[PDB]
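Undergrad: Could you have a look at this structure, given as structure tokens, before my questions?
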Amino acid sequence: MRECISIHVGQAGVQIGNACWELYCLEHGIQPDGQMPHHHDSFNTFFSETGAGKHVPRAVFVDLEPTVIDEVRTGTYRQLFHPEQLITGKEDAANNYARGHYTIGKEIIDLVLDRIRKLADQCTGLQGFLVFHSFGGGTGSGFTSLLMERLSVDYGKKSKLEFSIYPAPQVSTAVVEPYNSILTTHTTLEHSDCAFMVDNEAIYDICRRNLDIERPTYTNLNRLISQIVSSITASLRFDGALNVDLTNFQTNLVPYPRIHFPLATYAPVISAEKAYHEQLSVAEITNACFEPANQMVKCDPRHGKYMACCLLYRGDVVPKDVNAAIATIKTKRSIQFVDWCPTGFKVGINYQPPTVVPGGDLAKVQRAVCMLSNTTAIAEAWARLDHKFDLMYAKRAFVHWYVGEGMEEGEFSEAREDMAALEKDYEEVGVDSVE
Amino acid sequence: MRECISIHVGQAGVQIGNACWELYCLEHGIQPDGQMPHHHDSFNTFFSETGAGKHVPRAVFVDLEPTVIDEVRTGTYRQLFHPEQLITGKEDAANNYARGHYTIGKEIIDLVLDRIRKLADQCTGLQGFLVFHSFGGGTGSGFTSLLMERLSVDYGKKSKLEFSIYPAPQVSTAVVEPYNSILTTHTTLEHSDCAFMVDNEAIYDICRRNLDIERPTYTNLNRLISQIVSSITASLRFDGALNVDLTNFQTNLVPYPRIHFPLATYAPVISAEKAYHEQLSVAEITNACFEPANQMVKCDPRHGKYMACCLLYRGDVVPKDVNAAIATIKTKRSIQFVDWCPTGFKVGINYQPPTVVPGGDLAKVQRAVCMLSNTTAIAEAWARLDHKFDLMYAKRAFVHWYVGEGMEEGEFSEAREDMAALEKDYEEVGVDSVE
Amino acid sequence: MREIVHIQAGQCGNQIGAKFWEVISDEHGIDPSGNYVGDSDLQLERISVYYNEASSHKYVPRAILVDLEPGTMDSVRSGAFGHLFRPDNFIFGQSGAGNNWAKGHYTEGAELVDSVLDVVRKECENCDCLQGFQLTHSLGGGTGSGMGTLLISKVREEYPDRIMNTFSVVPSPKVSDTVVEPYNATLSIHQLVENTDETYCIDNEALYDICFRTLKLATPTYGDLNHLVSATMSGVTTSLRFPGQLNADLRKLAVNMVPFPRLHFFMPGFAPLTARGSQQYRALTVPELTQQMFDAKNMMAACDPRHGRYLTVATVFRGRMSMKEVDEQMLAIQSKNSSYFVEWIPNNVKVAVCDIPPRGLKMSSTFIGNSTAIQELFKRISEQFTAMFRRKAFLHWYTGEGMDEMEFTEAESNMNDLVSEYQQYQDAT
Amino acid sequence: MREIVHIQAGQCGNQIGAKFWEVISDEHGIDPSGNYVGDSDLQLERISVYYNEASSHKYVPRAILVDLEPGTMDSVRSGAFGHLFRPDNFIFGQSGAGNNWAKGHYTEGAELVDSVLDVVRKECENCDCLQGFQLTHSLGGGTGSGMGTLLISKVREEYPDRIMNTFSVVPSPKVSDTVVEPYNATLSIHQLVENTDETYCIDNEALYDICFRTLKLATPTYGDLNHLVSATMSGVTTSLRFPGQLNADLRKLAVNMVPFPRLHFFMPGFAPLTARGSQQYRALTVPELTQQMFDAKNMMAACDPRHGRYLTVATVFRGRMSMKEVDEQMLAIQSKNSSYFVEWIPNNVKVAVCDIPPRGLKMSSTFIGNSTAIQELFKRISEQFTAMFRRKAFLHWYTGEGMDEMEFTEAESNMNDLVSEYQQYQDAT
Ligand SMILES: Nc1nc2c(ncn2[C@@H]2O[C@H](COP(=O)(O)OP(=O)(O)OP(=O)(O)O)[C@@H](O)[C@H]2O)c(=O)[nH]1
Ligand SMILES: Nc1nc2c(ncn2[C@@H]2O[C@H](COP(=O)(O)OP(=O)(O)OP(=O)(O)O)[C@@H](O)[C@H]2O)c(=O)[nH]1
Ligand SMILES: Nc1nc2c(ncn2[C@@H]2O[C@H](COP(=O)(O)OP(=O)(O)OP(=O)(O)O)[C@@H](O)[C@H]2O)c(=O)[nH]1
Ligand SMILES: Nc1nc2c(ncn2[C@@H]2O[C@H](COP(=O)(O)OP(=O)(O)OP(=O)(O)O)[C@@H](O)[C@H]2O)c(=O)[nH]1
Ligand SMILES: [Mg+2]
Ligand SMILES: [Mg+2]
Ligand SMILES: [Mg+2]
Ligand SMILES: [Mg+2]
């Protein structure tokens, strides 16, 4: 009845979406082929119903290179997806935002926009867009920019939520990573309501310590991020003692036109053998979620101040003990809020306990907490990325590639100055000021 | 009771008619041999019953060369057709309009007319004529123009509908199409109630893109044509909640005596494996039929105005959503009507779902939409074709074949200015005028 | 006694009448075979008004069904509930009029009209005292609009001292079923306002809004849309078919509702309209029935009464009810809504009570109000006809069957004169 | 007789209403199917104050449930006690206001209040003599707060000579459920101050403390919280729902407790509250009832009357008792606790007695006090709002849907003026 559509861009987007839609299929009790053996609406939010008993997702898979889309076609989820949406080009952007935004990006953007319009007109009470894309990827960044511009032009005032993949400080897999990051962030700073950040090194630390897995393939990381996505969406997808919506998320998290860069966290993340020797109480999971060693962005909030917080509890939950835990964490010393935000908390509750996938790394739980914090600890990450980009650009490396692929110098200069101003404003707002 | 006869001329008409009459027996449950395994009339308007249980069609197959008719006699549909009607000459016209209209047309025109009066007297409530003739060829252009003179005088005011094969702009089978087309249109402009336009290059895109077939032989292409043909007369042969007769479209789609050139369109056209993942609702097939990528003539309607429209639904259709879906089309701005046509739609419903021939490309479907819009977008088709012919006549290429076979040079000038007059009037009426 | 003859022209008439003669059988307890199998004797004391008794206690309807094309009869003749009609009545032509006025009034309809007048004169040479004729035609098509107008002028000559009521279906403002509506509509009204006594204007999406919103139906087919026009049709003629505390009849409505000869275009309306699930939660009583009548949501003509003033109002109640509630509330309606009533007709309300409830319901009522909100209905049609005729669109197919541009001069002028007097009476003082 | 209409807004409104109608059905002996199954006739002697009679002896609540988000309606319709409400009452929008005053008062407000006002006018038709309105809502959310404000303004416009009681769930002082409370709270408070009659401010953490300490519940839930609130509301309304030795009603309470137009913010309380185990070790009697009423620990609003003075006090008793003990002991209360009573209102006392006890208990009592301890709540809200607004945070989307800065300035000025008047009237001589 309130319809939200998901756009998955790049190889990271496609894999994360595969994991996320798998998790949705287990959550709503639907078989991979579309049949099925509080519950029934819920699936009408995502799974559009066809003439027969089959249900089909509202997903729009788009890529330039065809290999990953061929893989997802050949995967076990071959019947579920509607074959038309799997849009593939012929060659990738090869970590070139110029290629992914100007040269080839305009030859397929018309088709993806046509499919978006078809799906959005198909639904009734459209809510918004969820964009699953990376930052290092050239196609990811270019299509992110292009699709943000096109969707903002077409649909005026709707929710546009992004689940990015922040570049890691020490872990690195690209060389034009600072260029891609600066360009995409400058382009999509003004065209997104609220953009979450996820980093791979942080997830690797979490999986190494909290879950104690020595062989953490990308499947486990994708499973984790899918769990956060499902937790944030379960409020719309299910009924609870206190519901919360995407507009609620925006209006309670982001206070300013530019400062809309929160970070996600999930709890509890404990292993299988350690499940038996733990109690899993509301207060203890709340403390674990607020623990700085569980955050999924490699930035310790001890260097900064929390500015806004939203927590969704799901499962059997009592609002009294939720209140007690929130009050004691508010009165704790190490967590420090801003002076001009006397109330910095937003609580939501859901009656549906999370369900664990078969063969997954996590264990079955009766209570789950998802946390989304808008803080100032992201300023250090912005500063580090800006410093890396400036150091790389000081002697004009790869600029010949970028300029040859239809660029100029004003774009780089304006992106640099724009992120300098954004970091300055972020720090000035986050820091305490007299009066 | 109300009877219409079909005249199929040339290998275009015969090949279309081979699959055209393939569909009617399937619709009325007629075995190829005439035996049988809404109902009970159905077939009395097409299948003139004989003494035995056999039903024979009301078709007049005529051609100059004895080639294309030969496989009809030796095909699987051998017993169904009555052996007398298959009129054949001895040699073709060789894409020569002069040969098929002055030299060899006359020596056989008196034989087809004999079988017309034979069949017109056999029926009681004769309604009109169906013509299946192309434009590029000789026997399909010059010979059928002779018929339009012969049937008009014999029967003053009856229905005369033509299902032409418009020559394609880029695709070009023959080399003298600009000579055959302009000579045909000028003579048959004043002897046609309405002429549905079909282009050959347009059906490739429909089969390649919408249906996703890489090997579109003429067997599969002609299948997509008989569906509209069986759609125009789908209300005479079956009872519906809102019936339409052949004079309805003739009255609803002809604002002026000259502007009577509509263009067909069919929907839904979807593949077999894609059928399971489509909802196939009344609300979308109205939009699916109207999209500019689904028309069967290579002329995008966005360049012009919709002079009028006409829709014929069927199956489990409810007249409310038809009212609802049609109403919202006026709001959407890909449609653009003329000022003097505030009401510009016609709707017809039927209770018989369409039936798919076994082995065909289409899949079983419960609904069908067949739009016939007279629109200004066809004005570019005449002007573009008129440019090609005007280039030929500049240096009188290929003329010596025409002049020596029984036509004058002066006759060519009259056909040239006639298309200029039609183009001027059609654009002037289509464009707005003061007061 | 007080006989009536019912005519059906066009596709709608044969479709509306397909369900009209269904409810009448249920009211009078008549089996589809045609033999009475009822129990109460109050039905048969006046059964001859609509049904006609024949040999061996078999009753056949006093109605004639006609169309230029044969598709419509084959549905009703071969289908169920076609056993009770007398086969002589089923007049059908050769080909349909093809949504053309001229082909239905001059060229093709002229042949068949002689085959139907000789049935009408035969129709009740046995009818003891004719009350009048009921005509159920459409204003959009050719056969229903064209010949149905021709039939009226011919019937008017043979029976001048009689009344006829037309249950026409006036075209919709938002949607046009056929492209050339304004030509058929204006050409038909020009002859209607001359030789008819009273007209029930009805829209189609006005029934769509009522069925979707009030009745809560998602897929209203024509089987359900026409089923509500039948209820209004049975309500008007239930006064002289059943005993009542305060009786009325067709001649009583005409004199109470037509202050001037050129003003006889009405607006029907029915109440109550409750769903199959939301009816146990509402107690049926006289209060809400009158309230449900006067709101713009529940009216069968798509015209907002708020922009106009009622000239006269007639309500035909049914069921069993004390009269005090029936009239004590029409004062409150007159008092609360005093701004929506014309001033120079004090006491502009007509009421009537029957004594037989509609099947399956405890009580119900019908509203027929001659308002001035029809003013906006004729302006819109005359507006569309104004622009279309200026370019002579579709005109070259009317002049070819007898008519001419001279004919169109009167239709627009007479309409323009009529719609003006339909308004300056509202503004008169 | 003295009909009263119930309005519910927001998720809090729907949940509190579900529990409240649970209480009313249990009190009046109404089966979940909707048919009376009780034995006593005193309850049916006056059944029409809340319920409405319908055919087949059904009873339908006079409830108007409406919220922008449809989840609450889906839950209440699918769950039990959904078989007695009338579906037409259930109004729901497309999307929740998202804790935004702008979206709850300007964007969906127009259409939603149009529909709900039409339903209100329909509902008030059946009432014989309208007594007043009840509106249970929250000042924290967006839809409930803003739309209840708009609905209250329009209902006041339509019905000037009538009273409305608002049960507002004031945001808790110690904890905030959401982030942006103060803007919504200040705007709603100013609107209520301008256009309301009386307000029973109810807090959440105070009720948490009451349920944990006095009732000894380890894991209290919203079910128990709403149980207590519904008990308070039923105790308030039983005075005119039921007979008694000394009856009172809504207008009596309002005239006794609104000495000035801008001072109508109250503080409720209920007694007794005893656990299932510790109920057999105390004899239920008027002394412990009154003493438990008059101790801050048993106060349903998070304020301590020790810092203020009881401006006026109402005690609505239940069960069977004697006015002798009632009065002589509330007199003992007045004598012992004199220092916390205002001096310029001698006899600041109102007492009423009913006859029907609450279900499953010998006798109970409800306290309603107008004090000056709400001043601390108002000033704390003012401090939070002024800080968050001088930072100008979250402001430009309240601006982005209609508002701008001078509205916030004027709301703060009006609320501060009310605070100043409240204090200077507490400290008068
Ligand atoms: N979280 C997560 N991130 C991934 C995964 N796979 C790849 N990535 C990230 O994606 C980045 C690669 O960019 P892509 O968008 O995949 O680029 P591409 O798909 O090869 O297409 P081009 O950009 O044109 O080369 C790497 O830096 C990774 O950090 C994954 O499975 N999980
Ligand atoms: N749609 C369709 N068009 C066809 C088919 N076969 C031939 N044509 C068209 O027919 C044209 C050839 O002209 P024809 O009128 O058929 O020539 P003919 O019938 O052999 O007669 P002659 O000109 O005397 O040889 C080509 O340009 C094709 O576009 C067919 O199977 N389907
Ligand atoms: N209310 C209602 N109207 C109908 C129904 N069926 C058809 N109509 C109306 O009838 C009109 C069709 O005109 P008709 O006079 O019936 O046309 P026809 O009888 O098929 O014959 P032609 O006039 O020659 O086309 C349409 O505009 C519809 O609005 C129905 O079931 N219910
Ligand atoms: N006493 C009580 N208060 C409740 C209960 N449930 C929610 N609340 C309060 O209601 C507030 C939520 O505001 P609502 O108006 O209901 O918000 P909503 O219904 O989700 O819709 P929006 O206003 O648009 O956000 C919270 O601050 C809670 O304090 C309940 O069961 N009992
Ligand atoms: Mg790639
Ligand atoms: Mg040939
Ligand atoms: Mg017809
Ligand atoms: Mg809500």
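Scheme for the structure tokens: letters A, B, ... for chains in order shown; per-chain residue numbers from 1; ligand numbers from 1 in order shown.
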Hey, which bits of chain A sit within 7 Å of ligand 5, and for each residue what's the closest pair of atoms and how far apart in Å (one decimal), counting only C-alpha atoms and all ligand atoms, rows by chain and increasing number, as JSON lines?
TA:
{"residue": "A:10", "atom": "CA", "partner": "ligand 5", "partner_atom_place_in_ligand_line": "1 (Mg)", "distance": 6.7}
{"residue": "A:11", "atom": "CA", "partner": "ligand 5", "partner_atom_place_in_ligand_line": "1 (Mg)", "distance": 6.5}
{"residue": "A:65", "atom": "CA", "partner": "ligand 5", "partner_atom_place_in_ligand_line": "1 (Mg)", "distance": 5.7}
{"residue": "A:92", "atom": "CA", "partner": "ligand 5", "partner_atom_place_in_ligand_line": "1 (Mg)", "distance": 4.8}
{"residue": "A:93", "atom": "CA", "partner": "ligand 5", "partner_atom_place_in_ligand_line": "1 (Mg)", "distance": 6.5}
{"residue": "A:94", "atom": "CA", "partner": "ligand 5", "partner_atom_place_in_ligand_line": "1 (Mg)", "distance": 5.9}
{"residue": "A:137", "atom": "CA", "partner": "ligand 5", "partner_atom_place_in_ligand_line": "1 (Mg)", "distance": 6.9}
{"residue": "A:139", "atom": "CA", "partner": "ligand 5", "partner_atom_place_in_ligand_line": "1 (Mg)", "distance": 6.8}
Undergrad: Quick one: residues within 9 Å of ligand 7, with only C-alpha atoms and all ligand atoms, as number ranges by chain?
TA: B: 242-245; C: 10-11, 67-72, 95-99, 141-144
Undergrad: Pair the Cα atoms of chain B and chain A in order, fit the first onto the second, and let me know the RMSD in Å.
TA: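 So the superposition leaves a C-alpha RMSD of 0.5 Å.
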Undergrad: Name the closest residue to residue 169 in chain A among the candidates A:311, A:147, A:325, A:297; distances are taken between atoms, counting only C-alpha atoms.
TA: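 Nearest to residue 169 in chain A: A:297.
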Undergrad: Quick one: pick out all alpha helix (DSSP H) residues within range 360-389 of chain C from a backbone DSSP run and write them as number ranges by chain.
TA: C: 375-389
Undergrad: Please produce a file of those selected residues containing N, CA and C atoms, as a short mmCIF file (atom, residue, chain, number, x, y, z; two decimals), in the first residue's frame.
TA:
data_model
loop_
_atom_site.label_atom_id
_atom_site.label_comp_id
_atom_site.auth_asym_id
_atom_site.auth_seq_id
_atom_site.Cartn_x
_atom_site.Cartn_y
_atom_site.Cartn_z
N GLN C 375 -29.36 22.69 -15.99
CA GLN C 375 -28.83 23.81 -16.77
C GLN C 375 -27.40 23.56 -17.22
N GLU C 376 -26.56 23.04 -16.32
CA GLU C 376 -25.17 22.79 -16.66
C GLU C 376 -25.00 21.57 -17.56
N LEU C 377 -25.98 20.67 -17.59
CA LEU C 377 -25.87 19.50 -18.46
C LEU C 377 -26.04 19.88 -19.92
N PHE C 378 -26.97 20.79 -20.22
CA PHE C 378 -27.21 21.20 -21.60
C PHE C 378 -26.15 22.17 -22.11
N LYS C 379 -25.59 23.01 -21.23
CA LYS C 379 -24.51 23.90 -21.64
C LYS C 379 -23.32 23.12 -22.16
N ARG C 380 -22.93 22.07 -21.43
CA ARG C 380 -21.75 21.30 -21.80
C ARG C 380 -21.95 20.59 -23.14
N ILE C 381 -23.11 19.97 -23.34
CA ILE C 381 -23.38 19.30 -24.61
C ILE C 381 -23.42 20.31 -25.75
N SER C 382 -24.09 21.44 -25.53
CA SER C 382 -24.14 22.47 -26.57
C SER C 382 -22.77 23.08 -26.81
N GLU C 383 -21.89 23.06 -25.81
CA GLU C 383 -20.54 23.58 -25.99
C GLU C 383 -19.73 22.67 -26.90
N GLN C 384 -19.78 21.35 -26.65
CA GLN C 384 -19.07 20.41 -27.50
C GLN C 384 -19.60 20.44 -28.93
N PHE C 385 -20.93 20.51 -29.08
CA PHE C 385 -21.52 20.60 -30.41
C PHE C 385 -21.15 21.90 -31.11
N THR C 386 -20.88 22.96 -30.34
CA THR C 386 -20.55 24.24 -30.95
C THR C 386 -19.20 24.19 -31.66
N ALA C 387 -18.17 23.67 -30.98
CA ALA C 387 -16.84 23.62 -31.58
C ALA C 387 -16.78 22.60 -32.72
N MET C 388 -17.38 21.43 -32.53
CA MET C 388 -17.29 20.38 -33.54
C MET C 388 -17.97 20.78 -34.84
N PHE C 389 -19.15 21.40 -34.75
CA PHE C 389 -19.88 21.78 -35.96
C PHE C 389 -19.17 22.89 -36.73
#
Undergrad: Using only C-alpha atoms and all ligand atoms, which protein or nucleic acid residues are at most 12 Å from ligand 6, as a CSV table (one decimal) with N, CA, C and O atoms, in the first residue's frame?
TA:
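What landed in pocket.csv:
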chain,number,residue,atom,x,y,z
B,9,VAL,N,-5.5,-11.0,-53.0
B,9,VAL,CA,-4.8,-10.8,-54.3
B,9,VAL,C,-3.3,-10.7,-54.1
B,9,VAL,O,-2.9,-10.0,-53.2
B,10,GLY,N,-2.5,-11.4,-54.9
B,10,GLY,CA,-1.1,-11.4,-54.8
B,10,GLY,C,-0.6,-12.3,-53.7
B,10,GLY,O,-1.3,-12.8,-52.9
B,11,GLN,N,0.7,-12.6,-53.8
B,11,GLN,CA,1.3,-13.5,-52.8
B,11,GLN,C,1.3,-12.9,-51.4
B,11,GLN,O,1.4,-13.6,-50.4
B,12,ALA,N,1.2,-11.5,-51.3
B,12,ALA,CA,1.0,-10.9,-50.0
B,12,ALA,C,-0.4,-11.3,-49.4
B,12,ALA,O,-0.4,-11.8,-48.3
B,13,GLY,N,-1.4,-11.1,-50.2
B,13,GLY,CA,-2.7,-11.5,-49.7
B,13,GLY,C,-2.9,-13.0,-49.5
B,13,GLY,O,-3.5,-13.4,-48.5
B,14,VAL,N,-2.4,-13.8,-50.4
B,14,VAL,CA,-2.6,-15.3,-50.3
B,14,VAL,C,-1.8,-15.8,-49.1
B,14,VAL,O,-2.3,-16.6,-48.4
B,15,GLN,N,-0.6,-15.3,-48.9
B,15,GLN,CA,0.2,-15.8,-47.8
B,15,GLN,C,-0.4,-15.3,-46.4
B,15,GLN,O,-0.5,-16.1,-45.5
B,62,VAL,N,-7.2,-14.8,-55.9
B,62,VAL,CA,-6.9,-14.4,-57.2
B,62,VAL,C,-5.4,-14.0,-57.3
B,62,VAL,O,-4.9,-13.3,-56.5
B,63,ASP,N,-4.8,-14.5,-58.4
B,63,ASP,CA,-3.4,-14.1,-58.7
B,63,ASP,C,-3.1,-14.2,-60.2
B,63,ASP,O,-3.8,-14.9,-60.9
B,64,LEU,N,-2.1,-13.6,-60.6
B,64,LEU,CA,-1.7,-13.6,-62.0
B,64,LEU,C,-0.7,-14.8,-62.3
B,64,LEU,O,-0.9,-15.6,-63.2
B,65,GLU,N,0.4,-14.9,-61.5
B,65,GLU,CA,1.3,-16.0,-61.6
B,65,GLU,C,0.6,-17.2,-60.9
B,65,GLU,O,0.0,-17.1,-59.8
B,66,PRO,N,0.8,-18.4,-61.4
B,66,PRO,CA,0.3,-19.6,-60.8
B,66,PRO,C,1.2,-20.2,-59.7
B,66,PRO,O,1.0,-21.4,-59.3
B,67,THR,N,2.2,-19.5,-59.2
B,67,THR,CA,3.1,-20.0,-58.2
B,67,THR,C,2.5,-20.1,-56.8
B,67,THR,O,2.4,-21.2,-56.2
B,68,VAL,N,2.1,-18.9,-56.3
B,68,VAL,CA,1.8,-18.9,-54.9
B,68,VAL,C,0.5,-19.7,-54.6
B,68,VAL,O,0.3,-20.2,-53.5
B,69,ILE,N,-0.4,-19.7,-55.5
B,69,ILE,CA,-1.6,-20.5,-55.3
B,69,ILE,C,-1.4,-22.0,-55.3
B,69,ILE,O,-2.2,-22.7,-54.7
B,88,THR,N,-6.5,-18.3,-61.0
B,88,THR,CA,-5.1,-18.1,-61.3
B,88,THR,C,-4.9,-17.8,-62.8
B,88,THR,O,-5.6,-18.4,-63.6
B,89,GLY,N,-4.0,-16.9,-63.1
B,89,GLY,CA,-3.6,-16.6,-64.5
B,89,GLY,C,-2.5,-17.5,-65.0
B,89,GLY,O,-2.5,-18.7,-64.7
B,90,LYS,N,-1.6,-17.0,-65.8
B,90,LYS,CA,-0.5,-17.7,-66.3
B,90,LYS,C,0.8,-17.1,-66.0
B,90,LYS,O,1.8,-17.9,-65.8
B,91,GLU,N,0.9,-15.8,-66.0
B,91,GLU,CA,2.2,-15.1,-65.7
B,91,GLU,C,1.9,-13.9,-64.8
B,91,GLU,O,0.8,-13.3,-64.9
B,92,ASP,N,2.8,-13.5,-64.0
B,92,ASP,CA,2.7,-12.4,-63.1
B,92,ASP,C,2.9,-11.0,-63.9
B,92,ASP,O,3.0,-11.0,-65.1
B,93,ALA,N,2.8,-9.9,-63.1
B,93,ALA,CA,3.0,-8.6,-63.6
B,93,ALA,C,4.4,-8.0,-63.5
B,93,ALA,O,4.6,-7.0,-64.1
B,94,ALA,N,5.3,-8.7,-62.8
B,94,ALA,CA,6.7,-8.3,-62.7
B,94,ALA,C,6.8,-6.9,-62.1
B,94,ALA,O,7.5,-6.0,-62.6
B,95,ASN,N,6.1,-6.6,-61.0
B,95,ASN,CA,6.2,-5.3,-60.3
B,95,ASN,C,5.9,-4.2,-61.2
B,95,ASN,O,6.3,-3.0,-60.9
B,96,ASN,N,5.1,-4.4,-62.2
B,96,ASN,CA,4.8,-3.4,-63.2
B,96,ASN,C,3.3,-3.0,-63.0
B,96,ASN,O,2.4,-3.9,-63.2
B,97,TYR,N,3.1,-1.8,-62.6
B,97,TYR,CA,1.7,-1.3,-62.4
B,97,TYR,C,1.0,-1.3,-63.7
B,97,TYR,O,-0.2,-1.7,-63.8
B,99,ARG,N,1.3,-3.3,-66.4
B,99,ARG,CA,1.0,-4.6,-66.8
B,99,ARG,C,-0.2,-5.2,-66.1
B,99,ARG,O,-1.1,-5.7,-66.7
B,100,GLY,N,-0.3,-5.0,-64.8
B,100,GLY,CA,-1.3,-5.5,-63.9
B,100,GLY,C,-2.6,-4.6,-64.0
B,100,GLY,O,-3.6,-4.9,-63.3
B,133,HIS,N,-4.3,-6.6,-50.0
B,133,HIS,CA,-3.4,-6.3,-51.1
B,133,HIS,C,-2.2,-5.5,-50.7
B,133,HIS,O,-2.4,-4.6,-49.8
B,134,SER,N,-1.1,-5.7,-51.3
B,134,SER,CA,0.1,-4.9,-51.0
B,134,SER,C,0.2,-3.7,-51.9
B,134,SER,O,-0.7,-3.5,-52.7
B,135,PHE,N,1.3,-3.0,-51.9
B,135,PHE,CA,1.6,-1.9,-52.7
B,135,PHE,C,2.7,-2.0,-53.7
B,135,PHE,O,2.7,-1.5,-54.8
B,136,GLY,N,3.8,-2.7,-53.3
B,136,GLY,CA,5.0,-2.8,-54.1
B,136,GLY,C,4.8,-3.6,-55.4
B,136,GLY,O,5.3,-3.2,-56.4
B,137,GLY,N,4.1,-4.7,-55.3
B,137,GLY,CA,4.0,-5.6,-56.4
B,137,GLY,C,3.1,-5.1,-57.5
B,137,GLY,O,2.5,-4.0,-57.4
B,138,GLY,N,3.0,-5.9,-58.6
B,138,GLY,CA,2.2,-5.5,-59.7
B,138,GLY,C,0.8,-6.0,-59.6
B,138,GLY,O,-0.2,-5.2,-59.8
B,139,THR,N,0.6,-7.3,-59.4
B,139,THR,CA,-0.7,-7.9,-59.2
B,139,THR,C,-1.4,-7.4,-58.0
B,139,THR,O,-2.7,-7.5,-57.9
B,140,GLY,N,-0.7,-7.0,-57.0
B,140,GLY,CA,-1.3,-6.5,-55.7
B,140,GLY,C,-1.6,-5.0,-55.7
B,140,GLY,O,-2.3,-4.5,-54.8
B,141,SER,N,-1.2,-4.3,-56.8
B,141,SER,CA,-1.4,-2.8,-56.8
B,141,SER,C,-2.3,-2.5,-58.1
B,141,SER,O,-3.3,-1.9,-57.9
B,142,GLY,N,-1.8,-2.8,-59.3
B,142,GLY,CA,-2.6,-2.5,-60.5
B,142,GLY,C,-3.8,-3.3,-60.6
B,142,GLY,O,-4.9,-2.7,-60.9
B,143,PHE,N,-3.8,-4.6,-60.3
B,143,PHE,CA,-4.9,-5.4,-60.4
B,143,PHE,C,-6.0,-5.1,-59.4
B,143,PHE,O,-7.2,-5.1,-59.8
B,174,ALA,N,11.6,-4.1,-53.3
B,174,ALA,CA,11.6,-3.9,-54.7
B,174,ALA,C,12.4,-2.6,-55.0
B,174,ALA,O,12.9,-1.9,-54.1
